[PDB]
Amino acid sequence: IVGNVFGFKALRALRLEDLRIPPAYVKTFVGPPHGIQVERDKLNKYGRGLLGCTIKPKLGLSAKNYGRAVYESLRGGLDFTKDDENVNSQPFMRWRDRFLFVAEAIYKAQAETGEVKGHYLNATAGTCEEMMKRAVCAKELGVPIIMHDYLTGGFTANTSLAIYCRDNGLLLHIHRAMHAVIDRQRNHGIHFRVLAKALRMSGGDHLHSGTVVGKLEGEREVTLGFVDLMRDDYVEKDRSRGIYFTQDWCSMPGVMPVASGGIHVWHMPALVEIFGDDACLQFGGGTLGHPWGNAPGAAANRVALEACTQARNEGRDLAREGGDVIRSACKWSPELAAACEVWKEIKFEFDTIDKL
Amino acid sequence: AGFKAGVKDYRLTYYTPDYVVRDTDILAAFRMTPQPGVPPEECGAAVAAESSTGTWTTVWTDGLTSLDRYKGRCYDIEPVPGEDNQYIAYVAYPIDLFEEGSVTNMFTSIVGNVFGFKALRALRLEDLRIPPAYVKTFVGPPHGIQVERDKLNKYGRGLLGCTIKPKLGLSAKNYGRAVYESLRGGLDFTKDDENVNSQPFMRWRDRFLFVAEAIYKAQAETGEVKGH
Amino acid sequence: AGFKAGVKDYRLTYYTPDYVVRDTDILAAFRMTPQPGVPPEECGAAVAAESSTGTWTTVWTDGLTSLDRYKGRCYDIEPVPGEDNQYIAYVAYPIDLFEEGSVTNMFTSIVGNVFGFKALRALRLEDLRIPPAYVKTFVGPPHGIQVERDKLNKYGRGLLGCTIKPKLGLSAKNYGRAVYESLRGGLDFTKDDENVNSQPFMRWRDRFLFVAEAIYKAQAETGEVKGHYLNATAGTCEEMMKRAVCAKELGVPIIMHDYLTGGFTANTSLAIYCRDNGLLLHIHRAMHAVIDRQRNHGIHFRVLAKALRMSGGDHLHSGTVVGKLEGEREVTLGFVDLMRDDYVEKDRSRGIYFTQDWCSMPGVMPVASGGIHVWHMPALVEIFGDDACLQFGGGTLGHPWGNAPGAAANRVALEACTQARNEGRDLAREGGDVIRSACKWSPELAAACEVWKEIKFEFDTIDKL
Amino acid sequence: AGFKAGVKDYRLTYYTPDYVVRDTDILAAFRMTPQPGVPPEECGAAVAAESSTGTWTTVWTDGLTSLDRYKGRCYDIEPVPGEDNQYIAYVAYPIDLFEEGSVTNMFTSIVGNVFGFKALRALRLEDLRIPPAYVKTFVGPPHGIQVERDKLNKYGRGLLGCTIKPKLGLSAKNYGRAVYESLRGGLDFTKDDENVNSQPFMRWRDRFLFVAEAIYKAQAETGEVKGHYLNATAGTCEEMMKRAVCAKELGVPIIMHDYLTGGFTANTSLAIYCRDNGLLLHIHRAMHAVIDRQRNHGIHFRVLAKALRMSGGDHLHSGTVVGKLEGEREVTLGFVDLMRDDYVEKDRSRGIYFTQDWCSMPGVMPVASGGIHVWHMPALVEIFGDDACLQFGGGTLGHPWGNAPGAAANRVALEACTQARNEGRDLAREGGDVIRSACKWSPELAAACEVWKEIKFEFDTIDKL
Amino acid sequence: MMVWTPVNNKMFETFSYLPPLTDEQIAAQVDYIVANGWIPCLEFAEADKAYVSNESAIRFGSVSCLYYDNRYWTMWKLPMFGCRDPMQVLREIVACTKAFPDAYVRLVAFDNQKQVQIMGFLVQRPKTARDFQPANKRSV
Amino acid sequence: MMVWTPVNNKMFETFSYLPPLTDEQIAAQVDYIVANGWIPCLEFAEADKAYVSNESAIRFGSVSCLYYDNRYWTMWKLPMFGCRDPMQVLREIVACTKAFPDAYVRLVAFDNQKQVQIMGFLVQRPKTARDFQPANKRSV
Ligand SMILES: O=C(O)[C@@](O)(COP(=O)(O)O)[C@H](O)[C@H](O)COP(=O)(O)O
Ligand SMILES: O=C(O)[C@@](O)(COP(=O)(O)O)[C@H](O)[C@H](O)COP(=O)(O)O
Ligand SMILES: O=C(O)[C@@](O)(COP(=O)(O)O)[C@H](O)[C@H](O)COP(=O)(O)O
Ligand SMILES: [Mg+2]
Ligand SMILES: [Mg+2]
Ligand SMILES: [Mg+2]
Ligand SMILES: [Mg+2]
């Protein structure tokens, strides 16, 4: 479908907007290792969005300090932390050292809180053999979850890893590194909804969906459309959301959307409103940037999320009463108050490139 | 120099116009189109930060390590002639940032996230300087031009190939039939079309076998080494 | 320029005094003693030729390739002050000459044949400049100083080790008995002696199991992480691996390898295995002094140390300066830096002929071992700092009260000196006082001080600068 | 006797001049240079202690075992004629001390630490008596001289080889080209240069393939069995094996290993692989002269040769006596016997300190290589006899007419000399005449004799008896 | 700066980071279950079976990934299929806590279309529990 | 001959074989941190989390090498980046020990060039600890 046609001299630009994957083809795919339902059930987590966090700085931390940051974030109330997409294995931190220290951190946080914890260990590597070695180590440490950059690693490697995860009970978090090289421009490339469909077929329990409100581009209506395509069994043709075709997934598990990138406590109401409970909300700088360290940073995000969840369950409209809910929770939680004070004026409002 | 929470400009840490690039640094040249009211210096610094060590707000963990050692650096910004709002931003990445022998990792850092930033309208990676010290960590091409010519015993002219058509729809026997007839005429190579893998109309192992027969028949006929 | 058969001077092709070295070249510094009537230039050129591309007579096959691109180059010759017939010849080898990741190959070119040449009387490799571009082709040490400290949860002081004695003759049970008693007194590590492998009096697997029991008992008793360097050194790679596999399956922290007697090929293999399975690898330098003792001939230890760093090892023996085995102070401080640091500047007064850039390859922990006891503690802490392992074999198992008090004595002495340095006391000068203050305070230390008070190792240094 | 802490003289336990050596003991002959004011007895005792069971202070653990049973014993000390401060110290090691089948372990004990002792100025291991009871624990060489000749179907003359040149820089195709042209002229073997492994200019698998093509073409053309020592020397055991595996799968006769730069552990693994798969194994002694060149310090090559025989090799380089690399005649004849024969008598005039009984372990084929040409042929046949391989790298690839005539010249010279010896001619005195008679008859030989006529390698010998 | 305490600060998943739910707030969550047509259910566990643990993994090979003991609690009666009365749920909380006054008790609800628990929160902990902090003592 | 006791003689890494540190001796160690420009930091742990242990390994295959639980302790606030005042460190010790009087507390320092903890020692043990000996009762 996208092999040669984009390079033709006879056309100036070409963009693949949508694919209709028929049930007869969908059935030939193993698909995601577990999917939203199974994931919640294995983690024993229900009734709210999941909270994650990318360790920072992106690169440069040692394995021990990596685990240190992981422990302090997890114990504060985050469900997950993660390797940054470009954290693989490097001179400053080798992968196996990281895996071990992170395992220590996962198990310490879990015993401390009484809640199941995990950290997306990056299996992304130069070769399939390296990727698999990393997956094998995670399996042998008994940890819940690993990650893969499916576009920079590639679909062939990704499908392999997804099948391995299925066969050994590992959750697989997908990072979409490189997507915006392909999907940013309206006139040329492949729209993310297609890259998202591809991933669902290839295999992933989580896939990054954008935030709409954070540092990276994502138009609201278009995002709501492909989130449905990632999560639901059946999505009707709907041109106002960029859905060109009715899509029948014929019982293939849904992929958990991950909202990540320049979000903080004030964005929590908008985030819960866009995604609902079936999503993962990730705060890298929004946790490691807290004035009191990772644990209070995590507690602030956990409190914000739960406050908004409670409010929505009580019939409050998060689109309008969002600010009030956060402020009420501020006056009550000092961790949250500190977070709200630091990021109060911070917004990401620019003109949208990828329009309908 | 303590920990100070909050957002600050990327340029404060990531724009270093006086930096003297190292011989082991990976260098990138980005064609950069920033949003209105975003200075080129801040846009280049954002690209440098979010493809190396930095995020959108200050993190305390920076102090545990040495940002000076690991940070990507926007070290030069070039205006594009004929363009009001286009720049070439040069970024330097220390060799420590990369996994040895992994194109995947290099791509993940350099082109991973930065293309989707709200603060830019468009971004294009134009070139990379891969330093010898990084090149040496790769196995690289299985054989390359010299070895290939030596193994095929072919010198003094371009090689000739040919893609079997129609792209899809042909049976393995007919694929082998077309391969034989093309090779025996003087072509050194034929090839599967890029989308010919294994499909209901032709399974791969069937094709490989019939093609093998075609290769060996053409080779015996012409007395020249043949491949597909 | 055609093919002309016959013999001609090496210097015509291989002596290039105007050559500007490249940042990717491997550089060698040879201490060269030519035969009478052999010019230094021709001798250096011969060493360059026969360790790179050339042989004794012109060959036609040169024309098929580009000698310019591949030839080793003697680019500088330095007279040695105080010597009538000794020169430092500098040779530059293009990076293309070497197999990526292979210390074996590097040694095979640079030190393979040239030392046996009739045209020279003696030859010594003093130093090597391993360029970053070549360093990056090596997996290197499994963990290195930082990671090791992090995994063991040990900071702020030198590590303490101990070689079980007698070298040979102990049964596996008694080995474990000696190990338990030494670890429980305050030592972080004990070790197999370099020649303890598998023998009629003690088979390796029996030892590994009893030692594991000893490690875990001492650890439970003290609440400090403990280890014992189990020797994987064996007759074949298969045996070596079997032993590493068993350690892995016992969950113990650390193994050891004699990298020169086992060899670079075996050692790299073991380092890679240790990387993939999270074992610390302690490197014993058994045999080094056969190679590195004499000033006129051989390979200096700093090169053997560089070679090990590339091949892989978390620990490497460095010498003691003050113990039973030779090691001159300034030379030792020089190669300790080369073992540990990321970047070491040219420094001829410490034997460092070239600036060495390690391009982030992990540092190797120096191990000071051989004939040391409690009175050496101040000097040892002063020479090495905290990033070292200090080993007392006889200095532990020779204590009048047994291994546990022996260990406590060494641990007290180490911690006393460390505390004293941290407070601003000069260990070079106040060393005896620090030990004496600790003596009046710790009876275990007192007993050690009394027994070894008069014991010194002061002999004329053979390997001089 | 109870446990008494503290330092005492080594000689009290480890100098035993009345000891009667056992037929299972490993014996060692050390050339010993003690520091001023260290008695020879105490110095020889230190060597014996620190290479067996003892350390620098008394340890209590001795009492748990039997020092009498395990201790190494200095049992004789011999003055060196012409030397004020040099001794031969004889040490006896009980067989219990050694791991069966492991040269690595033997080397670790005997040469591990003692060479670095402050109490001595220099030390050299001259010889080892390997008892039959220990010899039998080693798999040994994969085939040996008898079996090799039988598999190659070659009898009644020395074997002829040739190292491809330039050392480095040739492509895989040109490598095979050079190999084909050399083999087809009458050489039995060609070889990778010792430092030819796998490199940017030529990857190993490409070379193996082209060389195989060259071996099979030359064999088909001449009707004689042909081989090329493909180098399996590598950075890791895994890489070494992959190279061995490829050769096996190509059906070629012979591979090679650099046993000192690769290491004994790797070498033994490869030798066992070659045994199990029927590959001949050529051993290159790269690095040996770093260890064995100097009279006062190191390990003499005869020990390195014994070690190789135990570890495993079908070929081992022995020196040429007459070529570019050092090798004194009488000493060479001595270790050649030690490599080849079943039983060698004590003979001090040839450097043989001990009667050596090899108990039927196969003999290793000596390889004379390095700066030799057609005029050396008589002297070479005279020194080595038929059971040797003679190698001409430069002497083949340096011929004015190319590799084939170069090989034909060497083959003619060898066969002329072999014929002459068989006829009763004295090669020591009639050597030049035999070559000249063959010159006037063979134009390929004549061209070779013309080019190298005046070329000799005559320098003062460093390693003397 | 305030420090999040690691000592006796165990949590209980959804809503445990908020101030303890009032009867009015519990009632509002129950209304949310009914309004959406979800199936209310009660589950309970003794103290020792309350928190996730690893004891069964002693019987495993390398297959402990996402296995934990104590995820399953004991069902109180049956899920209240077709329940359209919030008071009915509240009375079941009273009955369940009366029968097991020393147990952890949680209210859950199921969606049968997705076939998954769609909400849940703790409604009782034993009064002897000493492994948790009040909201204002969670940081020091 | 005196015998090193195996009973209730647990140690605590660096400096635990010396007599307990006086306030003057702690102060000199803090001066050493400052003089060298290292980053001071406090860590703490309750009694059950103080010593290295193995419990997690139940979940492992054959990968327990150099894995121990309880190496990580809980961070007190944040590492004192840019701190050049010894009094500031000493006040944080008082603050930390006041908030957690029943915890083990150790002072550590980080070097950011090497990226490793460069020093560390125990500053407080709970007064209920029975698993340690005074210096003069370590041998009998
Ligand atoms: O590298 C980063 O910037 C992040 O770790 C976020 O960090 P912060 O939480 O500190 O912003 C994520 O990978 C991006 O969200 C990826 O973008 P997307 O989800 O759009 O694919
Ligand atoms: O066998 C020995 O003598 C030792 O165990 C030390 O024992 P003691 O502690 O009882 O002296 C060491 O292996 C040597 O230090 C090696 O020398 P080096 O470190 O110089 O390589
Ligand atoms: O590299 C070389 O110099 C050789 O190939 C000889 O080349 P030429 O035939 O062209 O001289 C051999 O490796 C040496 O003989 C090794 O020395 P030794 O056998 O003494 O170990
Ligand atoms: Mg990221
Ligand atoms: Mg095509
Ligand atoms: Mg030893
Ligand atoms: Mg050679």
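As drawn, each chain counts its residues from 1 in written sequence order, possibly unlike the entry's numbers, and residues without coordinates are not displayed. As a convention, the first chain written is A and the first ligand written is 1, with the rest following in written order. Here we see only some chains of a larger assembly; the values are for those chains and no others. Excluding hydrogens and water, the side-chain values take into account all heavy atoms of the structure.

Q: Explanation requested: the interface of chain F and chain A in the structure shown.
A: Where the parts come together, the accessible area they lose is often given as the size of the interface. Only heavy atoms enter the contact rule, under which two residues are in contact if any of them lie within 4.5 Å. Facing the 22 residues of chain F at the interface are 27 residues of chain A. Buried area between chain F and chain A, both sides added, is near 2000 Å², and the carbon and sulfur share of it is 51%. By buried area we mean how much accessible surface two parts lose on assembly, using a 1.4 Å probe and totalling the loss over both. Looking at the side of chain F facing chain A, the largest losses of area belong to F:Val63, F:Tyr72 and F:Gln115, adding up to 38% of the total buried there. By salt bridge we mean one thing: a side-chain nitrogen of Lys or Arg within 4 Å of a carboxyl oxygen of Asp or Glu. Taken together, the links from chain F to chain A amount to two salt bridges. Across the pair F:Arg71 and A:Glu104 runs a salt bridge whose closest N-O atoms are separated by 2.8 Å.

Q: Sorry if this is basic, but what is going on with the coordination of the magnesium ion (ligand 4) here?
A: Expected angles at a metal are 109.5 degrees for tetrahedral coordination by four donors and either 90 or 180 degrees for octahedral coordination by six donors. For Na, K and Ca the donor cut-off is 3.2 Å, while for other metals it is 2.8 Å, and in both cases only N, O and S atoms qualify; water is not among them, so sites may look incomplete. For the magnesium ion (ligand 4), every protein donor is listed as A:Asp84 (OD) and A:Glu85 (OE), and the spread of their distances is 1.9 to 2.1 Å. As far as the burial class goes, A:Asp84 and A:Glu85 line up, both buried. Residue exposure (1.4 Å probe, protein chains only): buried if accessible area is under 20% of the type maximum, exposed if over 50%, otherwise partly exposed.

Q: Mind showing me how you'd approach the site of ligand 3 here?
A: Whether a residue is near a molecule or strand depends on its heavy atoms: it is near if one of them lies within 4 Å of it. Near ligand 3, the surroundings consist of 20 residues, among which C:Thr55, D:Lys167, D:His317, D:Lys324 and D:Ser369 are the closest. Neighbouring residues of ligand 3 are distributed over chains C and D. Separating an oxygen atom of ligand 3 from a side-chain N or O atom of C:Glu50 is a distance of 3.5 Å. Contacts described as polar in this section are N or O atom pairs within 3.5 Å, which, within protein, must combine one atom able to donate a hydrogen with one able to accept it, while residues neighboring in sequence count only if both atoms come from side chains. Separating an oxygen atom of ligand 3 from a side-chain N or O atom of D:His317 is a distance of 2.6 Å. The protein chains shown are the only cover counted for residues, whose accessible areas, like all others here, come from Shrake-Rupley with a 1.4 Å probe. In the complex, the protein chains occlude 99% of the 490 Å² of accessible area that ligand 3 would expose alone. Split by residue class, the shell around ligand 3 holds two nonpolar, eleven polar and seven charged. Side-chain classes are defined by residue name, with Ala, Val, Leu, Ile, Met, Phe, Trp, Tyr, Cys and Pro counting as nonpolar, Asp, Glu, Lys and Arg as charged, and the others, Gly among them, as polar.

Q: What is the right way to read the interface of chain C and chain D from this model?
A: Contact residues are listed per partner, giving 115 residues for chain C and 114 residues for chain D. For the pair chain C and chain D, the summed buried surface comes to about 9400 Å²; carbon and sulfur atoms form 59% of the total. When the buried surface of chain C facing chain D is broken down by residue, C:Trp56, C:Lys118 and C:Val290 rank first, second and third, together holding 9% of it. Where chain C touches chain D, the interface holds eight salt bridges.

Q: Looking at this structure, how should I read the site of ligand 1?
A: Within the structure, ligand 1 sits among 19 residues, and A:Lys58, A:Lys215, A:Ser260, A:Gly285 and B:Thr55 are positioned closest to it. One chain alone does not account for the residues near ligand 1; they come from chains A and B. Within the contact set of ligand 1, an oxygen atom lies 2.6 Å away from a side-chain nitrogen or oxygen of A:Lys58. A:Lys215 places a polar side-chain atom, nitrogen or oxygen, 2.7 Å from an oxygen atom of ligand 1. Surface burial for ligand 1 is 99%, taken as the share of its 490 Å² of free accessible area covered by protein chains. When grouped by side-chain class, the residues that make up the shell around ligand 1 number two nonpolar, ten polar and seven charged.

Q: Quick question: what am I supposed to make of the pairing of strand β4 (residues 120-129) of chain C here?
A: A regular strand places its side chains so that they alternate between the two faces of the sheet. Residue and element names in this part refer to chain C. Under the scheme used here, helices are H or I runs from DSSP no shorter than 4 residues and strands are E runs no shorter than 2 residues, and both carry numbers assigned from the N terminus. Within β4, nine of the ten residues are buried, which leaves it mostly tucked inside the rest of the structure. By this definition, two strands are paired if DSSP reports at least two bridges between them. Relative to β4, strand β1 (residues 26-34) runs antiparallel, the two sharing eight bridges. Across the sheet, residue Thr-33 finds its bridge partner in β4, namely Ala-122. In terms of strand pairing, β4 meets strand β10 (residues 298-299) through two bridges, oriented parallel. Across the sheet, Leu-125 pairs through a bridge with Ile-299, a residue of β10.

Q: Quick question: what am I supposed to make of the relation of the copies chain C and chain D here?
A: In this arrangement, two copies of a chain are superimposed by a rotation about an axis accompanied by a shift along the axis. Least-squares fitting of chain C to chain D yields an RMSD of 0.1 Å, with the transformation described by 0.0 Å of translation along the axis and a rotation of 180°. Given the turn and translation reported, the copies of this chain are related as if by a two-fold rotation axis. For chain C, the smallest separation between a C-alpha atom and the rotation axis is recorded for C:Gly263, amounting to 1.9 Å. Both copies share a contact surface, since 99% of the interface residues of chain C are interface residues in chain D too. A least-squares superposition on the C-alpha atoms brings the copies into a common frame.

Q: Is there a simple way to explain the coordination of the magnesium ion (ligand 5) in this structure?
A: At the metal site, the magnesium ion (ligand 5) is ligated by B:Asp193 (OD) and B:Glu194 (OE), and these contacts range over 1.8 to 2.0 Å. Exposure remark for B:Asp193: the relative accessible area of 2% places this residue in the buried category.

Q: Quick question: what am I supposed to make of the pattern of salt bridges here?
A: Any two side chains of opposite charge can pair, given that their charged atoms come close. Across all of its chains, the model carries 135 salt bridges over all chains by this definition. Across the pair A:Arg75 and A:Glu112 runs a salt bridge whose closest N-O atoms are separated by 3.0 Å. In this pair, A:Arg75 is assigned in the loop between α3 (63-74) and β3 (80-82) and A:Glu112 in helix α4 (residues 95-113), connecting sequence segments 37 residues apart. Grouping residues by exposure puts A:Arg75 and A:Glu112 together as buried. The closest approach of N and O atoms between B:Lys136 and C:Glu100, which form a salt bridge, is 3.0 Å. One end of the pair, B:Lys136, is in the loop between α5 (132-135) and α6 (144-152); the other, C:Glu100, is in the loop between β3 (87-93) and α4 (103-110), on a second chain. Residue C:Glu100 is classed as partly exposed on the basis of its relative accessible area of 22%. Beyond isolated ion pairs, a larger network of salt bridges with shared partners links A:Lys45, A:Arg48, A:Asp79, A:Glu115, A:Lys117, A:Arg302, A:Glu306 and E:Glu13.

Q: Even after reading the chapter, I still don't get the state of the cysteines, so can you show me in this structure?
A: Here, disulfide denotes a covalent bond that connects the sulfur atoms of two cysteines. For this text, the term disulfide refers to a pair of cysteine sulfurs within 2.5 Å. Scanning the entire structure with this criterion turns up one disulfide over all chains. Between the sulfur atoms of C:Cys237 and its disulfide mate D:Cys237 the distance is 2.1 Å. Between C:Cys237 and D:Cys237 the disulfide shows an S-S torsion of about -70°. By sign, it is left-handed. With C:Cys237 in helix α9 (residues 237-250) and D:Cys237 in helix α9 (residues 237-250), the pair connects residues from two separate chains. Each member of the pair, C:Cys237 together with D:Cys237, is buried. D:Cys43 provides the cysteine sulfur closest to D:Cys74, a residue in no disulfide bond, and the two sulfurs are 9.1 Å apart. Looking at D:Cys74, the relative accessible area reads 0%, which means it is buried. Take E:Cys65: it sits in no disulfide, and the sulfur closest to it among the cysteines is that of A:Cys165, at 9.0 Å. Accessibility expressed as a relative area gives 7% for E:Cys65, which makes it buried.

Q: What should I look at first to understand the arrangement of the chains in this one?
A: Ranking the ten pairs of chains in contact by number of contacts places chains C and D first. Contact between chain B and chain E is absent, and the least distance between their C-alpha atoms amounts to 12 Å. There is a gap between chain D and chain F: no contact, and a shortest C-alpha distance of 12 Å.

Q: I keep staring at the nonpolar core and nothing clicks. Help me out?
A: In summary, soluble globular proteins display a tendency toward joint burial of nonpolar side chains. As used in this record, nonpolar core signifies buried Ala, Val, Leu, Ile, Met, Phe, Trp, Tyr and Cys residues forming a set joined through side-chain atoms within 4.5 Å. In this structure, C:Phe107, C:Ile110, C:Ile299, D:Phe107 and D:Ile110 are the most contacted members of the largest nonpolar core, which totals 494 residues. Apart from the residues within four sequence positions on either side, C:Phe107 is in contact with C:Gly112, C:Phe264, C:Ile299, C:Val303, C:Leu304, C:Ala307, D:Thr261 and D:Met287.

Q: Looking at this structure, I do not really get the side chain of A:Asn158. What am I missing?
A: Residues and elements named next belong to chain A. The topology assignment puts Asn-158 in helix α7 (residues 155-168). The exposure class assigned to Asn-158 is buried, which follows from its relative accessible area of 0%. Apart from residues no more than four positions distant in its own chain, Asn-158 is found in contact with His-148, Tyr-150, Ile-174, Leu-199, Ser-202 and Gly-203.

Q: Explain the sheet that holds strand β11 (residues 315-317) of chain C to me, please; I cannot follow it from the model alone.
A: Pairing between the strands of a sheet comes from backbone hydrogen bonds, and it takes one of two forms, parallel or antiparallel. All names here are of chain C. Spatially, the eight strands line up as an open sheet ordered β5-β15-β14-β11-β9-β8-β7-β6, and their pairing is parallel. Looking at which strands have only one partner, the edges of the open sheet turn out to be β5 (159-161) and β6 (189-191). Between one strand and the next, the sheet's axes are offset by a mean angle of 25°, whatever the strand orientation. Where strand β8 (residues 254-258) meets strand β9 (residues 280-284), five bridges bridge the pair, whose relative direction is parallel. Within the sheet, the bridge partner assigned to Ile-254 lies in β9 and is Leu-280. Note on definitions: angles span 0 to 180 degrees between N-to-C directions of axes, and those axes are lines fitted to C-alpha atoms, for helices only across the stretch in contact.

Q: Would you explain the UniProt feature "binding site: Mg(2+)" in chain A in this entry?
A: UniProt positions are given in the numbering used here, feature names are shortened, and annotations may be inferred rather than shown by experiment. Per the UniProt record, the feature "binding site: Mg(2+)" sits at A:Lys82, A:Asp84 and A:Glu85. With respect to the helices, strands and loops of the structure, A:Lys82 is situated in strand β3. When its relative accessible area of 1% is taken as the criterion, A:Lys82 is described as buried. Setting aside residues up to four positions removed in sequence, A:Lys82 forms contacts with A:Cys53, A:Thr54, A:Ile55, A:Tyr66, A:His119, A:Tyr120, A:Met147, A:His173, A:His175, A:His208 and A:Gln282. Note that A:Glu85 resides in the loop between β3 and α4. Taking relative accessible area as the criterion, A:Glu85 reaches 3% and is therefore assigned buried. Discounting chain neighbours no more than four positions away, the residues touching A:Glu85 are A:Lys58, A:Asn122, A:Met147, A:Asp149, A:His175, A:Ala177, B:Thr108 and B:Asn113.

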